[PDB]
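Chemist: Just so it is clear, I am handing over target_22.pdb, which has PDB, C-alpha atoms.
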```
ATOM      1  CA  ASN Y   1     -60.991 -63.032  70.533
ATOM      2  CA  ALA Y   2     -58.510 -61.356  72.898
ATOM      3  CA  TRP Y   3     -55.399 -62.322  70.883
ATOM      4  CA  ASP Y   4     -56.372 -60.884  67.470
ATOM      5  CA  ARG Y   5     -57.796 -57.816  69.211
ATOM      6  CA  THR Y   6     -54.489 -57.077  70.898
ATOM      7  CA  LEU Y   7     -52.569 -57.871  67.707
ATOM      8  CA  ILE Y   8     -54.761 -55.561  65.623
ATOM      9  CA  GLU Y   9     -54.755 -52.558  68.027
ATOM     10  CA  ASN Y  10     -51.020 -52.871  68.583
ATOM     11  CA  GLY Y  11     -50.670 -52.454  64.820
ATOM     12  CA  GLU Y  12     -52.929 -49.394  64.848
ATOM     13  CA  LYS Y  13     -51.172 -47.771  67.829
ATOM     14  CA  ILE Y  14     -47.732 -48.276  66.282
ATOM     15  CA  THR Y  15     -48.821 -46.359  63.159
ATOM     16  CA  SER Y  16     -50.563 -43.737  65.260
ATOM     17  CA  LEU Y  17     -47.578 -43.284  67.566
ATOM     18  CA  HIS Y  18     -45.110 -42.881  64.714
ATOM     19  CA  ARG Y  19     -47.258 -40.038  63.421
ATOM     20  CA  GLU Y  20     -47.514 -38.234  66.784
ATOM     21  CA  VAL Y  21     -43.750 -38.570  66.969
ATOM     22  CA  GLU Y  22     -43.150 -36.932  63.560
ATOM     23  CA  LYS Y  23     -45.475 -34.007  64.367
ATOM     24  CA  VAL Y  24     -43.589 -33.441  67.588
ATOM     25  CA  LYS Y  25     -40.184 -33.475  65.906
ATOM     26  CA  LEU Y  26     -41.548 -30.786  63.588
ATOM     27  CA  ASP Y  27     -42.654 -28.527  66.454
ATOM     28  CA  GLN Y  28     -39.360 -29.285  68.182
ATOM     29  CA  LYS Y  29     -37.604 -27.761  65.200
ATOM     30  CA  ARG Y  30     -39.871 -24.690  65.137
ATOM     31  CA  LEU Y  31     -39.583 -24.050  68.899
ATOM     32  CA  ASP Y  32     -35.845 -24.420  68.436
ATOM     33  CA  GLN Y  33     -35.751 -21.638  65.868
ATOM     34  CA  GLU Y  34     -37.763 -19.362  68.196
ATOM     35  CA  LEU Y  35     -35.037 -19.784  70.802
ATOM     36  CA  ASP Y  36     -32.312 -18.811  68.352
ATOM     37  CA  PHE Y  37     -34.226 -15.665  67.446
ATOM     38  CA  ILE Y  38     -35.172 -14.757  71.059
ATOM     39  CA  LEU Y  39     -31.486 -15.103  71.906
ATOM     40  CA  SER Y  40     -30.453 -12.796  69.053
ATOM     41  CA  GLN Y  41     -33.381 -10.514  69.999
ATOM     42  CA  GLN Y  42     -32.081  -9.719  73.515
ATOM     43  CA  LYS Y  43     -28.548  -9.329  72.217
ATOM     44  CA  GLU Y  44     -29.404  -6.626  69.674
ATOM     45  CA  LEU Y  45     -31.364  -4.773  72.394
ATOM     46  CA  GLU Y  46     -28.009  -4.621  74.105
ATOM     47  CA  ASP Y  47     -26.735  -1.823  71.855
TER      48      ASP Y  47
ATOM     49  CA  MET E   1     -42.817 -68.307  59.506
ATOM     50  CA  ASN E   2     -46.584 -68.105  60.139
ATOM     51  CA  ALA E   3     -48.270 -64.777  59.354
ATOM     52  CA  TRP E   4     -49.267 -64.639  63.026
ATOM     53  CA  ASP E   5     -45.669 -65.000  64.233
ATOM     54  CA  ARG E   6     -44.270 -62.589  61.685
ATOM     55  CA  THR E   7     -46.710 -59.802  62.565
ATOM     56  CA  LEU E   8     -45.797 -60.180  66.245
ATOM     57  CA  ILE E   9     -42.103 -59.994  65.371
ATOM     58  CA  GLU E  10     -42.504 -57.010  63.056
ATOM     59  CA  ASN E  11     -44.575 -55.082  65.589
ATOM     60  CA  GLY E  12     -41.653 -55.934  67.858
ATOM     61  CA  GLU E  13     -39.221 -54.333  65.411
ATOM     62  CA  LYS E  14     -41.502 -51.334  64.924
ATOM     63  CA  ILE E  15     -41.815 -50.722  68.680
ATOM     64  CA  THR E  16     -38.072 -50.890  69.471
ATOM     65  CA  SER E  17     -37.484 -48.341  66.709
ATOM     66  CA  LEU E  18     -40.212 -46.007  68.062
ATOM     67  CA  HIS E  19     -38.663 -46.391  71.492
ATOM     68  CA  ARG E  20     -35.383 -44.877  70.310
ATOM     69  CA  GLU E  21     -37.169 -42.096  68.479
ATOM     70  CA  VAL E  22     -39.221 -41.279  71.583
ATOM     71  CA  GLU E  23     -36.074 -41.267  73.715
ATOM     72  CA  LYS E  24     -34.684 -38.829  71.158
ATOM     73  CA  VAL E  25     -37.527 -36.297  71.316
ATOM     74  CA  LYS E  26     -37.509 -36.410  75.137
ATOM     75  CA  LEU E  27     -33.833 -35.550  75.150
ATOM     76  CA  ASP E  28     -34.520 -32.690  72.748
ATOM     77  CA  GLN E  29     -37.494 -31.319  74.701
ATOM     78  CA  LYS E  30     -35.398 -31.319  77.896
ATOM     79  CA  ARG E  31     -32.625 -29.595  75.962
ATOM     80  CA  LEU E  32     -35.026 -26.945  74.694
ATOM     81  CA  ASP E  33     -36.386 -26.308  78.182
ATOM     82  CA  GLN E  34     -32.932 -25.846  79.676
ATOM     83  CA  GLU E  35     -31.795 -23.551  76.874
ATOM     84  CA  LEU E  36     -34.701 -21.197  77.601
ATOM     85  CA  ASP E  37     -34.033 -21.345  81.355
ATOM     86  CA  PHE E  38     -30.490 -20.381  80.406
ATOM     87  CA  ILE E  39     -31.470 -17.551  78.054
ATOM     88  CA  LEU E  40     -33.843 -16.090  80.627
ATOM     89  CA  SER E  41     -31.205 -16.299  83.402
ATOM     90  CA  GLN E  42     -28.815 -14.459  81.119
ATOM     91  CA  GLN E  43     -31.190 -11.601  80.278
ATOM     92  CA  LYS E  44     -30.054  -9.726  83.450
ATOM     93  CA  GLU E  45     -31.016  -6.073  83.867
ATOM     94  CA  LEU E  46     -28.846  -2.970  83.927
ATOM     95  CA  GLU E  47     -31.025   0.112  84.091
ATOM     96  CA  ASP E  48     -28.859   1.795  83.303
TER      97      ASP E  48
ATOM     98  CA  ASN I   1     -46.345 -68.916  76.027
ATOM     99  CA  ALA I   2     -43.657 -66.913  74.180
ATOM    100  CA  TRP I   3     -46.262 -65.718  71.672
ATOM    101  CA  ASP I   4     -48.689 -64.624  74.425
ATOM    102  CA  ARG I   5     -45.972 -62.923  76.376
ATOM    103  CA  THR I   6     -44.601 -61.052  73.368
ATOM    104  CA  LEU I   7     -48.159 -59.907  72.600
ATOM    105  CA  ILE I   8     -48.530 -58.532  76.123
ATOM    106  CA  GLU I   9     -45.095 -56.876  76.358
ATOM    107  CA  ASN I  10     -45.695 -55.287  72.944
ATOM    108  CA  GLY I  11     -49.021 -53.940  74.207
ATOM    109  CA  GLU I  12     -47.475 -52.726  77.461
ATOM    110  CA  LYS I  13     -44.589 -51.019  75.627
ATOM    111  CA  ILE I  14     -46.565 -49.191  72.893
ATOM    112  CA  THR I  15     -48.987 -48.012  75.582
ATOM    113  CA  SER I  16     -46.079 -46.685  77.655
ATOM    114  CA  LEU I  17     -44.753 -44.905  74.599
ATOM    115  CA  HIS I  18     -48.042 -43.082  73.921
ATOM    116  CA  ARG I  19     -47.923 -41.857  77.472
ATOM    117  CA  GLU I  20     -44.324 -40.553  77.050
ATOM    118  CA  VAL I  21     -45.227 -38.865  73.804
ATOM    119  CA  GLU I  22     -48.286 -37.285  75.404
ATOM    120  CA  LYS I  23     -46.101 -35.939  78.200
ATOM    121  CA  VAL I  24     -43.675 -34.425  75.674
ATOM    122  CA  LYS I  25     -46.572 -32.873  73.759
ATOM    123  CA  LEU I  26     -47.648 -31.179  76.991
ATOM    124  CA  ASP I  27     -44.220 -29.684  77.678
ATOM    125  CA  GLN I  28     -44.035 -28.476  74.063
ATOM    126  CA  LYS I  29     -47.427 -26.852  74.491
ATOM    127  CA  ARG I  30     -46.275 -25.136  77.697
ATOM    128  CA  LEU I  31     -43.039 -24.085  76.053
ATOM    129  CA  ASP I  32     -44.850 -22.621  73.073
ATOM    130  CA  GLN I  33     -47.056 -20.642  75.506
ATOM    131  CA  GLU I  34     -43.963 -19.412  77.313
ATOM    132  CA  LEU I  35     -42.289 -18.194  74.145
ATOM    133  CA  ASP I  36     -45.464 -16.363  73.089
ATOM    134  CA  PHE I  37     -45.342 -14.528  76.420
ATOM    135  CA  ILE I  38     -41.617 -13.789  76.172
ATOM    136  CA  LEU I  39     -42.073 -12.563  72.636
ATOM    137  CA  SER I  40     -44.886 -10.238  73.740
ATOM    138  CA  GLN I  41     -42.809  -9.074  76.673
ATOM    139  CA  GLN I  42     -39.697  -8.199  74.654
ATOM    140  CA  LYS I  43     -41.815  -6.398  72.056
ATOM    141  CA  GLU I  44     -43.077  -3.974  74.740
ATOM    142  CA  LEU I  45     -39.686  -3.573  76.341
ATOM    143  CA  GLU I  46     -37.733  -2.341  73.308
ATOM    144  CA  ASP I  47     -40.659  -0.361  71.946
ATOM    145  CA  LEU I  48     -40.287   1.452  75.265
ATOM    146  CA  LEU I  49     -36.653   2.523  74.519
ATOM    147  CA  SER I  50     -34.986   2.024  71.131
ATOM    148  CA  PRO I  51     -32.792   3.195  69.640
TER     149      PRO I  51
END
```
What do you get writing this file as structure tokens?
Modeler:
Amino acid sequence: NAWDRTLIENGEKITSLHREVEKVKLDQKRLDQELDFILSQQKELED
Amino acid sequence: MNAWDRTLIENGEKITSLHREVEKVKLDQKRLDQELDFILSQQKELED
Amino acid sequence: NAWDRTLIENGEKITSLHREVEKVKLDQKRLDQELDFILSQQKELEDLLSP
């Protein structure tokens, strides 16, 4: 029925969404380190 | 009480929590984007 | 009615979150692409004169 269907997929999407979120936080941290090093990169070229 | 109720409620708790976390990684992505825009704008030539 | 309406709002919300996450994943992807380009660009530009 429509109720248990919604209640089951909501459960599956919550789990799924949490996992997309963690993968993104990871790439956020990697991208963030690239910025640090690109920053530093231009600054040493100024020499 | 009922398993039905409790699952609804707990999905409720789980969603509110994901909401904050998603607000968090949007703030961060926007922060990242504006830091690059800033780094690029600061590159500024001098040749020579 | 409160049960039904919590079921719907839950469904609406989690769906709206997937969309936000998707949108963030797209910006990340574009940002990663942009850094790859910048990295390639600054490799050429100091190979050209340094030190």
Chemist: I'd like the interatomic distance between atom CA of residue I:11 and atom CA of residue E:27, to a tenth of an Å.
Modeler: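 Separating atom CA of residue I:11 from atom CA of residue E:27 is a distance of 23.9 Å.
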Chemist: Taking all atoms listed in the file into account, which of Y:2, Y:26, Y:45, Y:7 comes nearest chain E?
Modeler: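 Nearest candidate to chain E out of Y:2, Y:26, Y:45, Y:7: Y:7.
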Chemist: What does the distance between atom CA of residue E:35 and atom CA of residue Y:35 come to in Å, to one decimal place?
Modeler: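 These atoms are spaced 7.8 Å apart.
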Chemist: Residue by residue, what does the ChimeraX specification (/E :<9) & /I grab here? Present the result as a PyMOL selection string.
Modeler: chain I and resi 3+6-7+10+13-14+17+20-21+24+27-28+31+35
Chemist: Export, as a CSV table (one decimal), keeping the file's coordinate frame, the selected residues with C-alpha atoms.
Modeler:
```csv
chain,number,residue,atom,x,y,z
I,3,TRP,CA,-46.3,-65.7,71.7
I,6,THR,CA,-44.6,-61.1,73.4
I,7,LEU,CA,-48.2,-59.9,72.6
I,10,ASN,CA,-45.7,-55.3,72.9
I,13,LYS,CA,-44.6,-51.0,75.6
I,14,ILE,CA,-46.6,-49.2,72.9
I,17,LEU,CA,-44.8,-44.9,74.6
I,20,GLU,CA,-44.3,-40.6,77.0
I,21,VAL,CA,-45.2,-38.9,73.8
I,24,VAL,CA,-43.7,-34.4,75.7
I,27,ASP,CA,-44.2,-29.7,77.7
I,28,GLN,CA,-44.0,-28.5,74.1
I,31,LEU,CA,-43.0,-24.1,76.1
I,35,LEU,CA,-42.3,-18.2,74.1
```
Chemist: Nearest to residue Y:38 among I:50, I:42, I:15, I:1, with distances taken over only C-alpha atoms: which residue is it?
Modeler: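 Result for the nearest residue to residue Y:38: I:42.
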Chemist: How many Å separate atom CA of residue Y:41 from atom CA of residue I:47?
Modeler: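 So the two atoms, atom CA of residue Y:41 and atom CA of residue I:47, lie 12.6 Å apart.
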Chemist: For stretch 34-45 of chain Y, I'd like the enclosing box, axis-aligned and padded by 6 Å on every side, reported as lines of an AutoDock Vina configuration file with centre and edge lengths in Å to one decimal.
Modeler:
```
center_x = -33.2
center_y = -12.3
center_z = 70.5
size_x = 21.2
size_y = 27.0
size_z = 18.1
```
Chemist: Please return, as number ranges by chain, all residues of chain Y lying within 8 Å of chain I when all atoms listed in the file are considered.
Modeler: Y: 3, 6-7, 10, 13-14, 17, 20-21, 24, 27-28, 31, 34, 38, 42, 45
Chemist: Any chance you could work out the residue set of the PyMOL selection byres ((chain E and resi 43) around 10) here, as a PyMOL selection string?
Modeler: (chain Y and resi 39+42-43+46) or (chain E and resi 38-42+44-46)
Chemist: Here is a test: counting all atoms listed in the file, which residue of Y:5, Y:23, Y:18, Y:30 is nearest to chain E?
Modeler: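 Selected residue with least distance to chain E: Y:18.
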